[PDB]
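Next come structure tokens for two forms of one protein chain, structure 1 first, structure 2 second.
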Structure 1
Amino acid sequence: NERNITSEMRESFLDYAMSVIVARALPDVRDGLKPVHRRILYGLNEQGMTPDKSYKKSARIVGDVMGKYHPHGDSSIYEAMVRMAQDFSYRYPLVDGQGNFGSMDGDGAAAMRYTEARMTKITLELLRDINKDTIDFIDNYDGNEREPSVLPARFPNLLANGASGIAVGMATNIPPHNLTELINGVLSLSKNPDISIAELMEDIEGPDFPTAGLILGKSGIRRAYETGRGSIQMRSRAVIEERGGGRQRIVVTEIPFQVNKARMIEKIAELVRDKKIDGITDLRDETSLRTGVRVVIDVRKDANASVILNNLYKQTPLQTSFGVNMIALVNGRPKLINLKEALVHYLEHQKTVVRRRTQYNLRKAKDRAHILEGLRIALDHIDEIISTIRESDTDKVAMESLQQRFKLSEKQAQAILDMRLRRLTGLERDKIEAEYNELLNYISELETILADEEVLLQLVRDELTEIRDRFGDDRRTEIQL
């Protein structure tokens, strides 16, 4: 009949606000992903796009993701996927990209018509053990398909690659981190639930940006890790060097995180043009793939280059600040979390994953041990088995006789009926016995794990340490003073 306007406003806003908050703009604290990213990677797994396989066309990748899980526009999906493939956006890229996927200068990637993609090796670790009933699945938008509610995330990806998202009523800004340091942190925490932030900071010095550069001071760090919020100052890496004739120059090899380089040069150009900055005779971008990033500024003869450099930090994006605002979904709700919180929730995710994995393996193994027993029984009593089947007119009749004559379960009987005649040869009988013995030992080991919380915990520590050794790398960002 009628729709009171104030009611319509409050109800309609909350749907968008909650939906943007819990289903778009904020990462899950456990795997560090927002839904579009998670659906891209899960889609890359489901399609069969692993690092050992062919690069696959983006349009089909995007279309598969959009049709199956993400009911939104294709550009959003492609752009999200492209970012995961840029070594200057992602400290630990999740997508391997073939073709023009962009550059630091802000020239965007090519149309999805020209690019192909697949997982990187490290993304296998995000999807490791997904099938083994480690994470809860949910229905997709139309109900046709199942999607993961969260990935196993066998490395701490929230902190490793960071996040930035604008939501409604809040936003988030989490900087990337060094993986060797994060994992060492998680290990320390797993040995001491009462570990302090300062103690954690011994293992985790601060952010580590894919673009290197420098951070000025640990005090901005320390507040961000203690509280979830803090301003961290990032500097470009620049030196002063002679160029001949008694003249000098300023050479920049690294720039701040999320800073368009081409745009930064323009701002420096403008400053000069507007005479706001004094003493710059030339400005050239000498960046090349072979040489890396090189930005050259030519100081006027007998001018102080150190002063000019300081002004550039002051009046330019050369020195930029990163506003840490660590907000993530915790139990499906937005929450501001400090560094220890983030690791605590992560470690609890890993325990759940490994536990749930051991349980699935144990269940899977026992079922096989049970089927093997029927095969062992069937092989020993084979002659009778064959006549029993031959006597019977139907599978149903044949099944019934086998459960009577040999006290077999329905599954055991169906397995026997499904057996191929080639399983009757001499090697197979020995082969079956060998496998069965292996399972029993395997089941013993699985049950041992489940019984002891400490044993389970140690396994997590062990699997994290292998990932650290294989994927952990040198810190790129220097933390000065």
Structure 2
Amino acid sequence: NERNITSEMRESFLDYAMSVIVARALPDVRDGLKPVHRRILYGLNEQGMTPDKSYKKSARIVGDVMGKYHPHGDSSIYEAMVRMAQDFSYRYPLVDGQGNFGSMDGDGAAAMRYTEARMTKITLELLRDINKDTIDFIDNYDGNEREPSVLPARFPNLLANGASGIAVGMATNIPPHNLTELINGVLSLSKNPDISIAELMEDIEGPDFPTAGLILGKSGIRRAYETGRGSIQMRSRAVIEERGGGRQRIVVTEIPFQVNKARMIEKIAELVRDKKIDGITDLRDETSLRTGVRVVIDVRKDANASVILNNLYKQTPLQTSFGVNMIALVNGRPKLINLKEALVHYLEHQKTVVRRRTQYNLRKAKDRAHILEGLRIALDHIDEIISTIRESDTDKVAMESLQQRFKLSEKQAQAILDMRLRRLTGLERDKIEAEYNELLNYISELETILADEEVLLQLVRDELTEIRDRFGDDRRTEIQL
């Protein structure tokens, strides 16, 4: 009736640490989602809150997710949902929000009561085919509901949107990427498994941040892709504008990813006040919806704006590094992965998802065909079928008699009994036959995909291409020589 202190520490610590690793802070390699995000997305899908339908109150979404899947504080769920809605945070946003969802100035979103939201068109591609036995479903925390273990993820979300989680023992930091480039790299890899990271880089030039900006050099990126770890220099887009009377100004149009605009300004202001930087006369933020980011710094008449701008990179978050640390959950264990490993795992998820969907469609097609064969028999001998039923006292009797007489199965006999009298008309008779003929052709197509692995691989390629064409966009971040 006593507990050892060393025994409690070891047991309790491990319980928490493992939980934070495998079910809180780290994303899955296949769908790029931490548990809270997956649940928010699935909850939107289950409540039917798609792009076509209207925005739903945030308190309803959060409350649904909490009650059904996520047994944690409402503020955790809401804040996660907010970030997925932010264009500066997510390269390809997964939530479409209405109202104040925050800004670049660090301003938080207004309380759940004053906001509303629904899923984005791209999120549908994460959920595509979920109901065709493509992924595994597990029970939720209470046992009352069932939830997806992973999402089908028809586009490579882990690299596309990136990840940033602090666990125990470890942490993760994956930058966002351009979708066009990624898919191209994926197609390149699928064609040739022996492709080098150098060769992959011809397709994927580097990270592409939603906030645009510039990456200084390829050197840091290459280490990152090859080893899974690396430091990448991010610098703001600034121009030195020349004015009347030799006066000058610096204009900032893009800032680094995850950098708070307001705090950066306050940092510069602190330098001018404390006389740690010399030359600046005035600092203004002319950021608007029309102009995007616009930060103007007016230089003194004597000052060399080139000198000041270079000082600012060295002294403020106008230049910041991103430290890549690519840990994702691979086979439900944390693993440091390089670029190729990430692409290999995602490709396999696609191959498996497509195979499983094809197997599901086949089971359905064959079931229906079997049923149709029975219905075809019934329509050819309708007069006898009708008399067989009428002569029977109960439905159990008719079932047995229909099976024994017309060499039908139990499922086929059931279907005949369930037939509506309207099926006996000309069009309906022809419809049944035409469905059967088409179904036979379709079963062959499905059978081909399952027999030859190259056909299945081509199908994955074809579907990825469609996604690239529909959702892929231009590179925003410039990589400088």
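Residue numbering: structure 1 sequence, from 1. So that the term is clear: the rigid core is the largest set of C-alpha atoms that superpose within 1.5 Å between two forms.
Chemist: Considering the two rigid parts that describe the motion between the two structures, does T253 sit in the same part as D380?
Modeler: No, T253 belongs to a different rigid part than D380 (C-alpha assigned to the better-fitting superposition).
Chemist: For the two-rigid-part motion between the two structures, write down the angle in ° by which the smaller part turns against the larger.
Modeler: The computed domain rotation is 5 degrees.
Chemist: Mind pulling the C-alpha shift for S387 between the two structures, with the rigid core superposed, in Å?
Modeler: So the C-alpha of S387 has moved 4.1 Å between the two structures.
Chemist: Could the core-superposed CA displacement of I443 between the two structures be given in angstrom, to one decimal?
Modeler: Its C-alpha position differs by 1.2 Å.
Chemist: Keeping the rigid core fixed, what distance in angstrom separates the two C-alpha positions of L339 between the two structures?
Modeler: That residue's C-alpha sits 0.1 Å away in the other form.
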